[PDB]
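work_9.cif (mmCIF, C-alpha atoms) appears below.
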```
data_work
loop_
_atom_site.group_PDB
_atom_site.id
_atom_site.type_symbol
_atom_site.label_atom_id
_atom_site.label_comp_id
_atom_site.auth_asym_id
_atom_site.auth_seq_id
_atom_site.Cartn_x
_atom_site.Cartn_y
_atom_site.Cartn_z
ATOM 1 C CA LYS V 1 -5.734 -1.973 -22.514
ATOM 2 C CA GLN V 2 -4.554 -5.219 -20.933
ATOM 3 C CA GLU V 3 -7.144 -6.866 -18.706
ATOM 4 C CA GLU V 4 -6.284 -6.528 -15.033
ATOM 5 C CA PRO V 5 -5.865 -9.844 -13.192
ATOM 6 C CA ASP V 6 -8.628 -10.933 -10.880
ATOM 7 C CA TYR V 7 -7.680 -10.315 -7.262
ATOM 8 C CA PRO V 8 -8.320 -13.320 -4.967
ATOM 9 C CA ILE V 9 -9.868 -12.138 -1.710
ATOM 10 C CA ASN V 10 -9.234 -15.479 0.017
ATOM 11 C CA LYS V 11 -5.497 -14.851 -0.363
ATOM 12 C CA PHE V 12 -5.928 -11.216 0.712
ATOM 13 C CA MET V 13 -7.646 -12.121 3.998
ATOM 14 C CA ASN V 14 -5.450 -15.192 4.721
ATOM 15 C CA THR V 15 -3.152 -13.684 7.344
ATOM 16 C CA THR V 16 -2.837 -13.284 11.096
ATOM 17 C CA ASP V 17 -2.023 -9.599 10.567
ATOM 18 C CA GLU V 18 -4.730 -7.114 11.456
ATOM 19 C CA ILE V 19 -6.237 -5.588 8.308
ATOM 20 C CA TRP V 20 -6.988 -1.944 9.087
ATOM 21 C CA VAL V 21 -9.294 0.380 7.184
ATOM 22 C CA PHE V 22 -6.994 3.240 6.136
ATOM 23 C CA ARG V 23 -9.380 5.196 3.875
ATOM 24 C CA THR V 24 -13.128 5.020 3.382
ATOM 25 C CA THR V 25 -16.008 6.739 1.615
ATOM 26 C CA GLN V 26 -18.427 5.407 4.239
ATOM 27 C CA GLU V 27 -20.573 8.226 5.592
ATOM 28 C CA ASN V 28 -21.123 6.836 9.108
ATOM 29 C CA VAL V 29 -17.438 6.271 9.836
ATOM 30 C CA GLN V 30 -16.515 3.542 12.315
ATOM 31 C CA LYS V 31 -13.279 4.614 13.994
ATOM 32 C CA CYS V 32 -10.482 2.025 14.150
ATOM 33 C CA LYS V 33 -12.285 -0.381 11.809
ATOM 34 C CA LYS V 34 -10.218 -3.551 11.369
ATOM 35 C CA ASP V 35 -10.441 -7.281 10.648
ATOM 36 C CA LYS V 36 -8.663 -10.235 12.257
ATOM 37 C CA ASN V 37 -9.002 -13.487 10.330
ATOM 38 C CA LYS V 38 -9.468 -16.606 12.467
ATOM 39 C CA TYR V 39 -10.135 -19.537 10.107
ATOM 40 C CA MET V 40 -10.448 -20.241 6.404
ATOM 41 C CA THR V 41 -11.560 -23.121 4.195
ATOM 42 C CA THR V 42 -11.891 -23.234 0.413
ATOM 43 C CA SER V 43 -15.503 -22.024 0.667
ATOM 44 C CA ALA V 44 -15.565 -19.543 3.555
ATOM 45 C CA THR V 45 -13.500 -17.341 5.848
ATOM 46 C CA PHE V 46 -14.202 -16.601 9.516
ATOM 47 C CA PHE V 47 -12.988 -13.322 10.971
ATOM 48 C CA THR V 48 -13.508 -10.852 13.811
ATOM 49 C CA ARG V 49 -14.478 -7.351 12.649
ATOM 50 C CA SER V 50 -14.233 -4.547 15.185
ATOM 51 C CA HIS V 51 -14.370 -0.789 15.598
ATOM 52 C CA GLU V 52 -14.257 1.699 18.465
ATOM 53 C CA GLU V 53 -16.940 4.029 19.816
ATOM 54 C CA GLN V 54 -15.816 6.432 22.549
ATOM 55 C CA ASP V 55 -12.549 4.434 22.638
ATOM 56 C CA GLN V 56 -14.441 1.228 23.527
ATOM 57 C CA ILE V 57 -14.052 -1.772 21.227
ATOM 58 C CA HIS V 58 -17.126 -3.345 19.622
ATOM 59 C CA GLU V 59 -16.555 -6.753 18.018
ATOM 60 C CA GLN V 60 -18.520 -9.014 15.680
ATOM 61 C CA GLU V 61 -17.864 -12.553 14.446
ATOM 62 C CA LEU V 62 -18.520 -12.584 10.694
ATOM 63 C CA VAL V 63 -18.594 -15.255 7.988
ATOM 64 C CA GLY V 64 -17.706 -14.699 4.344
ATOM 65 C CA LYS V 65 -18.639 -17.242 1.663
ATOM 66 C CA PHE V 66 -16.270 -16.964 -1.294
ATOM 67 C CA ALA V 67 -17.649 -16.266 -4.763
ATOM 68 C CA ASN V 68 -16.809 -14.528 -8.019
ATOM 69 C CA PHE V 69 -17.952 -10.927 -8.389
ATOM 70 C CA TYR V 70 -19.454 -11.405 -11.867
ATOM 71 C CA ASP V 71 -20.902 -14.846 -10.983
ATOM 72 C CA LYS V 72 -18.580 -16.399 -13.550
ATOM 73 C CA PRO V 73 -18.614 -20.210 -13.146
ATOM 74 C CA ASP V 74 -15.335 -21.275 -11.512
ATOM 75 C CA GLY V 75 -14.097 -17.686 -11.567
ATOM 76 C CA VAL V 76 -11.573 -16.245 -9.150
ATOM 77 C CA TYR V 77 -12.855 -15.794 -5.586
ATOM 78 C CA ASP V 78 -12.661 -12.004 -5.447
ATOM 79 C CA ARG V 79 -15.864 -11.666 -3.402
ATOM 80 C CA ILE V 80 -17.351 -12.746 -0.077
ATOM 81 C CA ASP V 81 -21.040 -12.867 0.776
ATOM 82 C CA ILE V 82 -21.153 -11.823 4.428
ATOM 83 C CA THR V 83 -23.467 -12.974 7.222
ATOM 84 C CA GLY V 84 -23.536 -11.886 10.852
ATOM 85 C CA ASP V 85 -23.076 -8.112 10.476
ATOM 86 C CA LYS V 86 -25.717 -6.116 12.348
ATOM 87 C CA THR V 87 -24.938 -3.045 10.205
ATOM 88 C CA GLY V 88 -26.218 -4.848 7.101
ATOM 89 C CA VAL V 89 -23.085 -5.504 5.032
ATOM 90 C CA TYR V 90 -23.805 -8.490 2.797
ATOM 91 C CA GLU V 91 -21.063 -8.419 0.131
ATOM 92 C CA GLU V 92 -17.484 -7.220 -0.300
ATOM 93 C CA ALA V 93 -15.268 -7.483 -3.369
ATOM 94 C CA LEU V 94 -11.549 -6.941 -3.931
ATOM 95 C CA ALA V 95 -11.010 -4.403 -6.724
ATOM 96 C CA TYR V 96 -7.215 -4.228 -6.311
ATOM 97 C CA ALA V 97 -4.536 -5.971 -4.264
ATOM 98 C CA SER V 98 -0.868 -5.049 -4.006
ATOM 99 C CA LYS V 99 1.975 -7.529 -4.238
ATOM 100 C CA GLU V 100 2.033 -9.754 -1.131
ATOM 101 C CA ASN V 101 -1.430 -8.339 -0.306
ATOM 102 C CA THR V 102 0.008 -5.497 1.768
ATOM 103 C CA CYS V 103 -2.817 -3.216 0.590
ATOM 104 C CA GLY V 104 -6.225 -3.682 -0.980
ATOM 105 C CA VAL V 105 -9.146 -1.698 -2.355
ATOM 106 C CA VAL V 106 -12.443 -3.279 -1.279
ATOM 107 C CA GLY V 107 -15.940 -2.357 -2.387
ATOM 108 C CA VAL V 108 -18.714 -2.841 0.161
ATOM 109 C CA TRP V 109 -22.445 -3.457 -0.363
ATOM 110 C CA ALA V 110 -24.806 -3.135 2.607
ATOM 111 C CA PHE V 111 -28.553 -2.991 3.237
ATOM 112 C CA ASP V 112 -30.032 -0.491 5.677
ATOM 113 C CA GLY V 113 -33.796 -0.901 5.595
ATOM 114 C CA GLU V 114 -34.625 0.660 2.229
ATOM 115 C CA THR V 115 -31.895 0.146 -0.386
ATOM 116 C CA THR V 116 -28.369 -1.101 -1.000
ATOM 117 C CA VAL V 117 -25.677 1.224 0.376
ATOM 118 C CA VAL V 118 -22.308 1.114 -1.400
ATOM 119 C CA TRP V 119 -18.906 2.517 -0.445
ATOM 120 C CA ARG V 120 -15.239 1.602 -0.816
ATOM 121 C CA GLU V 121 -12.302 1.168 1.540
ATOM 122 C CA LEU V 122 -8.523 1.080 1.291
ATOM 123 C CA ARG V 123 -7.346 -1.679 3.639
ATOM 124 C CA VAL V 124 -3.782 -2.226 4.865
ATOM 125 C CA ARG V 125 -2.077 -5.176 6.541
ATOM 126 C CA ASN V 126 -0.754 -4.096 9.964
ATOM 127 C CA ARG V 127 -1.022 -0.593 11.402
ATOM 128 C CA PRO V 128 -0.628 2.100 8.684
ATOM 129 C CA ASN V 129 1.486 4.317 10.933
ATOM 130 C CA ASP V 130 4.018 4.926 8.128
ATOM 131 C CA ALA V 131 1.861 6.050 5.211
ATOM 132 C CA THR V 132 5.017 6.343 3.077
ATOM 133 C CA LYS V 133 5.317 2.532 3.041
ATOM 134 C CA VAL V 134 1.726 1.946 1.885
ATOM 135 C CA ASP V 135 1.730 0.993 -1.802
ATOM 136 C CA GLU V 136 1.096 4.057 -3.962
ATOM 137 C CA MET V 137 -0.462 1.883 -6.672
ATOM 138 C CA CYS V 138 -3.059 0.891 -4.072
ATOM 139 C CA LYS V 139 -3.669 4.526 -3.101
ATOM 140 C CA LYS V 140 -4.053 5.564 -6.746
ATOM 141 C CA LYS V 141 -6.627 2.861 -7.501
ATOM 142 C CA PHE V 142 -8.622 4.268 -4.583
ATOM 143 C CA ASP V 143 -7.987 7.851 -5.735
ATOM 144 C CA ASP V 144 -9.068 7.043 -9.300
ATOM 145 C CA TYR V 145 -12.325 5.646 -7.922
ATOM 146 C CA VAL V 146 -13.242 8.587 -5.666
ATOM 147 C CA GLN V 147 -12.585 10.886 -8.629
ATOM 148 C CA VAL V 148 -14.987 8.860 -10.781
ATOM 149 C CA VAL V 149 -17.808 8.758 -8.206
ATOM 150 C CA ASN V 150 -17.068 12.322 -6.967
ATOM 151 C CA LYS V 151 -16.755 11.619 -3.251
ATOM 152 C CA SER V 152 -14.416 12.577 -0.427
ATOM 153 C CA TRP V 153 -12.814 10.092 1.947
ATOM 154 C CA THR V 154 -11.628 10.061 5.555
ATOM 155 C CA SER V 155 -9.219 7.915 7.562
ATOM 156 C CA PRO V 156 -10.740 5.822 10.386
ATOM 157 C CA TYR V 157 -7.278 5.009 11.789
ATOM 158 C CA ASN V 158 -4.963 6.801 14.178
ATOM 159 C CA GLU V 159 -2.273 5.657 16.612
ATOM 160 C CA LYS V 160 -4.817 5.780 19.456
ATOM 161 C CA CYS V 161 -6.588 2.672 18.124
ATOM 162 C CA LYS V 162 -6.309 -0.419 20.328
#
```
Write the structure described by the file as structure tokens, please.
Amino acid sequence: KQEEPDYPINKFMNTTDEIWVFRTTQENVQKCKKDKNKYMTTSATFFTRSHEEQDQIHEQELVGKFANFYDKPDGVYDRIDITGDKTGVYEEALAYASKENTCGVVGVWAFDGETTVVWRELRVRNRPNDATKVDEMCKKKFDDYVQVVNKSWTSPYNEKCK
């Protein structure tokens, strides 16, 4: 089995397009969850992460310091260590990215008060109104994962999202 390429998360998040959460295994679902990148250096990205509660937008300014997921020296930056999130997310890592980064599968690690909470999201550049144009290879990587961990997923997005 040929080794999959590492998926650079700095290239995935380097866009002015909104990156919407299209699928998630998160239990406490944030409706209309999305990211808007604002600035990026070689060591960190700066982005606005938002979601809606009762149709009202809640925003946070987050910082992600690039790193390699396996802590390999000089490895590909497929991971960000996150500061500024009041929900406790401290790391995300890009498990798959489509060509031109139109879609990505992102694992999330958070800390509540007791232990690390882990889930996974399928993220799409621009509004995923036409699901038939979202890369099926991206969907299948997410499907393969939810089959392995035996979990169901929901979609935080609908047209109503601001």
Using only C-alpha atoms, which residues sit within 7 Å of residue V:124 once same-chain residues fewer than 6 positions away are excluded, as a PyMOL selection string?
chain V and resi 19-22+102-104
List the residues matched by the PyMOL selection byres ((chain V and resi 10) around 8) in the displayed structure as an NGL selection string, ordered by chain and then by residue number.
:V and (8-9 or 11-14 or 45 or 66 or 77-78)
Neighbours of residue V:29 within 10 Å (only C-alpha atoms; same-chain residues fewer than 5 positions away dropped), as a list in words?
residues 24, 51, 153, 154, 155 and 156 of chain V
Picked residues, the PyMOL selection byres ((chain V and resi 128) around 12), expected as a ChimeraX atom specification
/V:17-23,32,34,102-103,122-127,129-135,155-159,161
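If you look at atom CA of residue V:70 and atom CA of residue V:148, they are 20.8 Å away from each other.
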Restricting the calculation to only C-alpha atoms, which member of V:71, V:81, V:100, V:6 is positioned closest to residue V:46?
V:81
In Å, with one decimal, what is the gap from atom CA of residue V:101 to atom CA of residue V:85?
24.2 Å
Any chance you could resolve the PyMOL selection byres ((chain V and resi 53-59) around 8) against this file and give the residues as a VMD selection string?
chain V and resid 30 to 31 48 to 52 60 to 61 161 to 162
Export of the given selection (C-alpha atoms) as a PDB file, in the frame of the given file:
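So the final result, stored in again.pdb, reads:
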```pdb
ATOM      1  CA  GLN V  30     -16.515   3.542  12.315  1.00  0.00           C
ATOM      2  CA  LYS V  31     -13.279   4.614  13.994  1.00  0.00           C
ATOM      3  CA  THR V  48     -13.508 -10.852  13.811  1.00  0.00           C
ATOM      4  CA  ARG V  49     -14.478  -7.351  12.649  1.00  0.00           C
ATOM      5  CA  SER V  50     -14.233  -4.547  15.185  1.00  0.00           C
ATOM      6  CA  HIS V  51     -14.370  -0.789  15.598  1.00  0.00           C
ATOM      7  CA  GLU V  52     -14.257   1.699  18.465  1.00  0.00           C
ATOM      8  CA  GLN V  60     -18.520  -9.014  15.680  1.00  0.00           C
ATOM      9  CA  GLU V  61     -17.864 -12.553  14.446  1.00  0.00           C
ATOM     10  CA  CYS V 161      -6.588   2.672  18.124  1.00  0.00           C
ATOM     11  CA  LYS V 162      -6.309  -0.419  20.328  1.00  0.00           C
TER      12      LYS V 162
END
```
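Distances to residue V:143 were evaluated for V:105, V:82, V:40, V:62 using only C-alpha atoms, and the minimum falls at V:105.
Of note, atom CA of residue V:140 and atom CA of residue V:7 are spaced 16.3 Å apart.
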Any idea what's packed within 9 Å of residue V:25, counting only C-alpha atoms, ignoring anything in its chain fewer than 6 positions away? Could you give it as a PyMOL selection string?
chain V and resi 118-121+146+151-154
Generate a file of the selected residues that holds C-alpha atoms, formatted as a CSV table (one decimal), in the coordinates of the input.
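Saved as out.csv:
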```
chain,number,residue,atom,x,y,z
V,118,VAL,CA,-22.3,1.1,-1.4
V,119,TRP,CA,-18.9,2.5,-0.4
V,120,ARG,CA,-15.2,1.6,-0.8
V,121,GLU,CA,-12.3,1.2,1.5
V,146,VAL,CA,-13.2,8.6,-5.7
V,151,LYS,CA,-16.8,11.6,-3.3
V,152,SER,CA,-14.4,12.6,-0.4
V,153,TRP,CA,-12.8,10.1,1.9
V,154,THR,CA,-11.6,10.1,5.6
```
Residue nearest residue V:44 - candidates V:79, V:28, V:145, V:73, atoms counted: all atoms listed in the file
V:79
Using all atoms listed in the file, can you tell me which of V:37, V:108, V:87, V:114 comes closest to residue V:15?
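When distances to residue V:15 are compared using all atoms listed in the file, the smallest one comes from V:37.
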Residues within 8 Å of (-20.2, -7.9, 1.3), file coordinates, counting only C-alpha atoms: what are they? Give the list as a list in words.
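With a cut-off of 8 Å, the residues come to residues 64, 79, 80, 81, 82, 89, 90, 91, 92, 93, 107, 108, 109 and 110 of chain V.
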